[PDB]
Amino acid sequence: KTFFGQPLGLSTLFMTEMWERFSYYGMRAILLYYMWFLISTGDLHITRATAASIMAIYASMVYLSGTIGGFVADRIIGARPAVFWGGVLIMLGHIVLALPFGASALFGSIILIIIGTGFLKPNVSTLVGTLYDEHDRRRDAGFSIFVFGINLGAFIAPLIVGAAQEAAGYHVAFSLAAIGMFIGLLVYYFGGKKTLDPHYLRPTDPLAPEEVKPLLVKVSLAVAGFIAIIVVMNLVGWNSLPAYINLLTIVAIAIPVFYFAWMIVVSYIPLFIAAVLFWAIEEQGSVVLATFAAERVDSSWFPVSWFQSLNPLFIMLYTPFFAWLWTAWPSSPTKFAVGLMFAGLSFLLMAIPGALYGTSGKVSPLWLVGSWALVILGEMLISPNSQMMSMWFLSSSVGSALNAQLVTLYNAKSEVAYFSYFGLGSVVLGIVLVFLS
């Protein structure tokens, strides 16, 4: 009695993540349009460009939080409590948007989810690994099934939440996200006590006595430095929302710079950059492509948010092939290059409808279908150890930090140039990074 060849525990963690991803990507699929709505009612006094920037820096902070989430669980509170309380915080974040409020609830929701996802996401991934011995070949297959589940939740969420939004409004749809996380907590809590090892109720690598003080010092100085900067910003009149997003952008990008300066490994640099650039493009699906979907495609007969299901749809379709592919077959730097090339191609493709049909009309949904087909093909060359997982979340974070700057450039007037430039740039950088490495 297994779960697709794996210990029954995989099913628990599988569904936990699926429902977490459900709530996250359900919310993500309507959050931009929601902000558009708040803007249209004079409730939110920002440009659409800034709204787009918010989406990206939101994702960036979510991934940055995940970069330290593993650390907190492994050394302070434990992997199993981190997932649980992480889940609770996420649930609360969605509940906040379900409440009959407007723009004033946005920040609180974002904070809870950043902290919550930071606690949950790296650590459920950790718990998957705990289901096996250090020497078991199923480890790869098991984690592959796990990722299939992550995308299963990401697939159905925009369909369900998107349609719900169109039926009963935004707050009801957001509450469905909350309910989804609640389901995940149920399956995780009761299922976990039966499948998961109890040694992960506590930190497996607790802070040694002499480690606590210098850690505390470094956190204090960092937080103090950050706050001092914000003070200065408010004194000199740089306190607009983009100002804060720029601050966050700089912080997120500075982190690998000083983190890589620390070990300087120089072979890791092009790998990191390729990942950063790939995730930048991939994460623009929920922002730039979401915008294209709403403005440049006729979605008069279906929720336009449904386009967000295409990304994880292709993960699920490619998984059977690529599984067989690896059984029946490329260097790590090669995989990243070709992957980034596909990402670039996915944007070059998106440049065609505007150049061929103009930008003032509407084009076939198949353009976005083909685009996601291309970038997810690239993800297959990138997508599937506490330390490496951290670099993974970090690369994702920097990509979205970059997006926070980049997506503000996107509009109907700049559409073709935007997709062409960053599309061809990514293809070229793909070529450069494969030979540089």
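Note that the rigid core is defined as the largest set of C-alphas that superpose within 1.5 Å between two forms. Position 1 is the first residue in the sequence shown; the rest follow in order.
Put simply, when the other structures in 9 other deposited structures of this protein are lined up on the rigid core, the C-alpha atoms of 132 to 140 lie farther off than those of the other stretch, from 132 to 140 and 227 to 235. Root mean square Cα distance to the shown form, taken over structures and residues in 9 other deposited structures of this protein after a core fit, is higher for 268 to 276 when 109 to 117 and 268 to 276 are compared. Checked against the other entries of this protein, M388 counts as unresolved in at least one third of those spanning it. Where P384 is followed by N385 in the displayed chain, the model omits 10 or more of the deposited residues that sit between the two.
The entry models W329 and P330 with a gap of 4 to 9 deposited residues left without coordinates.
A summary of the deposited B-factors shows that, of 123 to 131 and 333 to 341, the stretch with the larger mean C-alpha value is 333 to 341. Averaged over their C-alpha atoms, the temperature factors of 249 to 257 and 89 to 97 are higher for 249 to 257. Based on the entry's C-alpha B-factors, the most elevated value among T195, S109, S309, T117 belongs to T195. Of the candidates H171, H199, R80, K218, the deposited coordinates give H199 the top C-alpha B factor. When the modelled residues of the chain are ordered by their C-alpha B factor, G69 lands in the lowest third.
Among all modelled residues in its chain, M15 ranks in the middle third by Cα B-factor. Placement of the Cα temperature factor of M388 within the chain: highest third of the modelled residues, per the deposited record. The entry lists a Cα temperature factor for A163 that places it in the middle third of the chain's modelled residues.
Looking at the C-alpha B-factors along this chain, the one for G142 belongs to the highest third.
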